[PDB]
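**Q** Need a 3D model of the following:
(chains A, B, C, D and E, ligands or ions: 1)
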Amino acid sequence: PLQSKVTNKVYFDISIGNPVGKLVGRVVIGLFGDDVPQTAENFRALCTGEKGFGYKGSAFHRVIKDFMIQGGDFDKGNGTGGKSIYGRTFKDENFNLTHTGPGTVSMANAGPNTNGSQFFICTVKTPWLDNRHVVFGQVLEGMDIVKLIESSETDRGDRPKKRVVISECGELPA
Amino acid sequence: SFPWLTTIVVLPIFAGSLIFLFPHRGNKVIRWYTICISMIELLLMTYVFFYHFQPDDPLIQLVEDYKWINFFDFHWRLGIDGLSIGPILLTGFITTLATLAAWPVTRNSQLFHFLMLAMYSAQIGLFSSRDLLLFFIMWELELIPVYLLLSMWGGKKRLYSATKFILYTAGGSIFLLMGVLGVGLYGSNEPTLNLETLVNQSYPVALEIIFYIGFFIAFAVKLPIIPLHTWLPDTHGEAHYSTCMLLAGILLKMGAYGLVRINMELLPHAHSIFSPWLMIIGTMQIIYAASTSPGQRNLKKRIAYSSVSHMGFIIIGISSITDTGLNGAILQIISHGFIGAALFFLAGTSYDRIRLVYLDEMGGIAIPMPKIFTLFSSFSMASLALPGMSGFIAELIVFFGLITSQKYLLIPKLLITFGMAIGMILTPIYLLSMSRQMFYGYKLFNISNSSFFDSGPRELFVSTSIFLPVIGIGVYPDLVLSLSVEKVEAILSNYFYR
Amino acid sequence: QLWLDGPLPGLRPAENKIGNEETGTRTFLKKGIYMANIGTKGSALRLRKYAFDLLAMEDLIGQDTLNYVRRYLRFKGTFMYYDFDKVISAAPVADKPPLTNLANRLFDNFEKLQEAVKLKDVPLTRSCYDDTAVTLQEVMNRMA
Amino acid sequence: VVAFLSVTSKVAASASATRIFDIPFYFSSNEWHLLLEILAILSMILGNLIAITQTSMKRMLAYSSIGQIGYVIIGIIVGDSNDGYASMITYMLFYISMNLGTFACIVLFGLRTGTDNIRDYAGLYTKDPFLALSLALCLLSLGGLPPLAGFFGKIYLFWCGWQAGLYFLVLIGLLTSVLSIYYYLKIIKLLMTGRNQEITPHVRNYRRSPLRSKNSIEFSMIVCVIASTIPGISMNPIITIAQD
Amino acid sequence: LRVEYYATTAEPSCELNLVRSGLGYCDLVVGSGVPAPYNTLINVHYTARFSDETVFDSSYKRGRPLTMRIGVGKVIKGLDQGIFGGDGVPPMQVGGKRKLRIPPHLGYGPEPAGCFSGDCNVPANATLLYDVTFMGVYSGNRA
Ligand SMILES: CC1=C(/C=C/C(C)=C/C=C/C(C)=C/C=C\C=C(C)\C=C\C=C(C)\C=C\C2=C(C)CCCC2(C)C)C(C)(C)CCC1
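**A** Numbering: from 1, shown residues only, chains lettered A, B, ... in the order given. See below for the structure:
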């Protein structure tokens, strides 16, 4: 079940392939803007691209099977880039939300008060990430696409061998 | 079960590789062996078309699939349909007749006939290739034979023409290779180059447009499209007339065949985007070449610009999205392959006697040479879109395909219909003038030109054997159209709402 | 506007219920055929003329020329289908049911003839074409 | 010796460059990637442009070698993921035969003739058709002409470049390969001159002699390779993607 | 101070088995492979964080596991004791995942490391945290 009501709705268009990916489906993410306003606003603004920079053309740069997919690095694409709409980093809001299971979209940070533009979608229950990562969304549609991204073959690191690229990101009004 | 198409492709080049085992001098044994190979291959294609090709089948036929390279997922894949069998038969016919008409060649006859058989094999391999990289390889496999034929048996400016030809074709074909790489790597799981599975592929609009541009640059370099046509006048004007048969009858149609097979079939959305801009380009190409032709004093350059003008009707039939337009484009392909080759052959044979180039000094040739005058006049009439010939019915069917087209509404349908009409006013204006500057009038010729000067039995047979199908198609066009009415419909089936 | 932007329009559905009950359209219809817009009188004249053209198809029926029978049947069938739709849509309300019934019978005969052609059965083709022939004669008698 | 330094020096230096840019310098890939991209683009551009203005055969082959090395550099640039090092070999294996054949023909021609200028290569087809045929085949393989080894080697090198998203590198490689036809065709254009007035006296007094000689065997082990490896480009890569 | 920003999700927590040398460790995953051999090159994956859980280094950042000769003092003493073992620490096995808390005297000591151009990578007297993962023993050929 959903931990909170969905205020704003965002969606991704996932493309897998090399060098130009083929579209595989749509991933719809509902944002819990009531509990975490700043993080949800940051994610929505990066999805729409109103600030100039956004998730369009970015890639899911870290995939661990049966654990998590992680992306949101439009700057460098290796995990060392990404800026929020406020600054380079912004403070962790609060940790009332919990990694309740698959489809949980949370913030990936270098540490406390170091949230940026990088997010990760969990595919299993991760109760060890609570009080350390800001959970701000839930995947509503396209979980099969998320599992398809997870099943991608990976190199010696965790980068997928085939580039999983977000072709077009935005909002779906409801 | 038997590999018919593989045997057809392999046989000419494999037989020509053995032409160097002959220790004989001269050209007699070499040319008779080459014509034996050409006629055996022609009979083989005739057997294939008679017994294993079904014109009512819109699917691929006689397919053969052998995996050659695993990394590219690259297969030697061959297959024929209603689109390819016409060009294949035309290739065999024109190449055999060009081998027959290249008989006075006594300098390096072995290499000449080997290159002719290699050209045979390469053209047939292109026209029956169902793999994108195999298509690209067979496309590239003619840069060297045509270069050698031009540079060793051409005219006065043969070397510059050969260099320009090979550099222009390489410049187009690198864009062809980029398009091949882009289309063959779009697969999400594994690369694929088979045309059958690529005909169902779905692309975004921008990527489809980019791939279409990458293929269209190559197909506009090969099939002469303004302004990528500048290699053709000096390439065809300064080439051997036997090589001019293949250049103006077979190699020019390869760009159109690639346009139907790849641009029209594999990428229909980008083709629908680009076709209205192709119509204006084709009409301006007709007008531009039909106006450039009177400005050429050279006879062969005038014929080459006439070929550029005649390619505009093929471009129009391609861009007009109807079954009738595509049928007219195929009919014009066959008609031009029957007309331009014979015109170049007659020009070369006439030059072998008169030994003059510019039209303002070749008066009175009709007095010592009446039969070549008759053949030249008849093939000019065929060029003139005269009824009873294939050119008239091809242009008429292209006009009907434009008039019946649903993509364009009224005013462009007028301004294009008027457009090519201006072309068939300009097409007489030089052509008859050409004849008037090449055969009419009186000149005092030598007594030795009274006998053993006209066309012999061989040249008469060649001209008659290319002229007869022109009349046979101009009387009954469905001798050709019935081979491709079905498959063209399938090609059109992707252009409507689904 | 100069040219259409999207894909070309397909088979426009008839608004007189002359199509097949299960599918809403007939099998012999071909997309991409140019039909000239004349009106009810011109559609009636073309309907009669093309019924005569299809009754001129006895010679084409044979073991070797069934594909041309199918091609001519599809071409003329699309033409008379849309002409019949045009003339029923402009007919008086009292005359619409008999015209619709005649069109339905004619198009069922067209489907049966095409089905017989597909199996390459010549006596079946001849019998279906005889039924089509009496229906076409009825069509020209009605629309003279 | 220059043929040896053309084939042996590039193999060892390519191995050292691959083992010094991947094993101890993988953390700074974004720097030596740019360095190698500049080093390759400049190499093809300034090795194929100057080779078309050469009057000496060995110097033209030098500019040829410094042009073909840029194609191999793309294999390092793409990396081991999208094949890559498997495209360094299966092209260096090609390149060895291409250069050693096109240098063996030069060795025999110079020994029987006594010259190095390209203008003295005119009319060799009339004197020695076998040597002219072999040299033409080696040069056409050097230009990436279709039925010969260089064409498949270049499309293998460009497939991995396109797969890695290096459109600029592949485009420059294709444009420089187009430029790389005018030479490797100029020599053939000289070789097929039947004009006795343009034939240098260097080849007029040319004796082929009725003996085989060792270089003929050495380049018959080569000319039959650069043409008949074109089907066998599936046996070679499965030995080169097996390494990692 | 000169911390390169790397966004990585955290690892499961532990109870730290403190030893005589001051090192703390836990076995997140006990490896089923060969234990870390002495004087041998091994590839491991690590995520080096400072105190206050801020990551300053990671082998995932470079894209491949780090190769080091273990057991002969080519790394800091805390990493050697965590991986190779000894002094109450069992050796790690192939496939094993282990957390490590290196005190300052087992790390870089009271001297900052990587000092150049007005900043240093590691501050003085810093306790380091390592989520090491023994990927395997080094081999010339990969699968
Ligand atoms: C497409 C094709 C083809 C086919 C074709 C055909 C199908 C044909 C037919 C044809 C026909 C079925 C015909 C009929 C008839 C004819 C006639 C009847 C003729 C006559 C003529 C005459 C008598 C004369 C002439 C002349 C000459 C020769 C020249 C000069 C001028 C004149 C005109 C005088 C081929 C195989 C080639 C191959 C390729 C493809």
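**Q** Just give me the neighbour total for residue B:472.
**A** 13 (other Cβ atoms under 10 Å in any protein chain shown). Just so you know, the C-beta spots here come from the backbone N, C-alpha and C atoms, and that holds for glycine as well.
**Q** Same question for residue A:52.
**A** Neighbour tally, residue A:52, other Cβ under 10 Å: 7.
**Q** again, but for residue D:213
**A** Residues lying near residue D:213 (other Cβ under 10 Å) number 12.
**Q** my guess is it meets residue D:108, correct?
**A** Yes: between residue D:213 and residue D:108 there is a contact under Cβ atoms under 8 Å: 7.3 Å.
**Q** burial measure for the closest residue to chain C within chain D, as a count.
**A** Nearest to chain C in chain D, going by Cβ to the nearest Cβ, is residue D:167, at a distance of 29.6 Å. Look at residue D:167: counted by other Cβ under 10 Å, it has 14 neighbours.
**Q** buried stuff in the lengthiest helix in chain A?
**A** Counting by DSSP state H, the longest helix found in chain A is helix A:37-48. Going by neighbour count (16 or more other Cβ atoms under 10 Å in any protein chain shown), the buried part of helix A:37-48 is A:38, A:39, A:40, A:41, A:42, A:43, A:44, A:45, A:46, A:47, A:48.
**Q** Check which element follows it along the chain.
**A** strand A:62-64 (DSSP states H and E).
**Q** so what does the following helix or strand past that next one touch, helix or strand wise?
**A** Next helix or strand after strand A:62-64 toward the C-terminus (DSSP H and E): strand A:68-71. In terms of contacts (3 or more Cβ pairs under 8 Å, 6 or more residues apart in numbering or on different chains; DSSP states H and E), strand A:68-71 is packed against strand A:62-64, strand A:115-122, helix A:143-150, strand A:163-171.
**Q** ok, strand A:68-71: who's next to it in the sheet?
**A** Strand A:68-71 pairs in its sheet with strand A:62-64 (antiparallel), strand A:115-122 (antiparallel), by DSSP bridges.
**Q** Which among these is found nearest to residue E:62?
**A** Nearest to residue E:62 among the strands paired with strand A:68-71 is strand A:62-64 (13.3 Å), distances taken as Cβ to Cβ.
**Q** List the buried residues in that closest one.
**A** A:62, A:63.
**Q** Can you give the contact residues for that strand?
**A** Identification of contacts with strand A:62-64 by Cβ atoms under 8 Å, 6 or more residues apart in numbering or on different chains yields A:68-71, A:79, A:120, A:149-150, A:152, A:154, A:157-160, A:164, E:8, E:60.
**Q** are any of the residues you listed buried, and which?
**A** Here, 16+ other Cβ under 10 Å leaves A:68-71, A:79, A:120, A:149-150, A:152, A:157-160, A:164, E:8, E:60 buried among the contacts of strand A:62-64.
**Q** Now residue B:336. Nearest residue, chain neighbours left out?
**A** Of all residues not flanking residue B:336 in the chain, residue B:310 sits nearest, at 5.2 Å (Cβ to Cβ, 6 or more residues apart in numbering or on different chains).
**Q** Longest helix in chain E, please.
**A** helix E:77-83.
**Q** Give the other helices and strands that that helix contacts.
**A** For helix E:77-83, the packing partners by 3+ Cβ pairs under 8 Å, 6+ apart are strand E:97-102, strand E:128-137.
**Q** Does chain D have contacts with the helix or strand following the shortest one?
**A** Same thing as strand E:97-102. Heading C-terminal from strand E:97-102, the first helix or strand you meet, by DSSP H and E, is strand E:113-116. No: using Cβ under 8 Å from any Cβ of the partner chain, strand E:113-116 never reaches chain D; the gap is at least 13.5 Å.
**Q** Tell me the strands beside strand E:113-116, with direction?
**A** strand E:119-122 (antiparallel).
**Q** Need the CA coordinates for the partner strand. PDB is fine.
**A** C-alpha atoms of strand E:119-122 as PDB (Å, rounded to 0.1, in the frame of the first residue of the first chain):
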ATOM      1  CA  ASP E 119      43.700  21.100   0.400                       C
ATOM      2  CA  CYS E 120      44.100  17.500   1.600                       C
ATOM      3  CA  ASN E 121      42.100  14.400   0.800                       C
ATOM      4  CA  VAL E 122      42.100  12.900   4.300                       C
END
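**Q** Tell me which residues are up against it.
**A** By Cβ under 8 Å, 6+ apart, strand E:119-122 touches E:1, E:2, E:3, E:50, E:56, E:107, E:108, E:112, E:113, E:114, E:115, E:128.
**Q** 10 Å instead?
**A** Residues from elsewhere that reach strand E:119-122 (Cβ atoms under 10 Å, 6 or more residues apart in numbering or on different chains): E:1-4, E:48, E:50, E:56-57, E:107-108, E:111-115, E:128.
**Q** check contacts around the nearest residue to residue D:216 once chain neighbours are set aside.
**A** Spatial nearest neighbour of residue D:216, excluding adjacent residues (Cβ to Cβ, 6+ apart): residue D:108 at 7.4 Å. If a contact means Cβ under 10 Å, 6+ apart, then residue D:108 has D:128, D:131, D:134, D:135, D:208, D:213, D:215, D:216, D:218, D:219 as its contacts.
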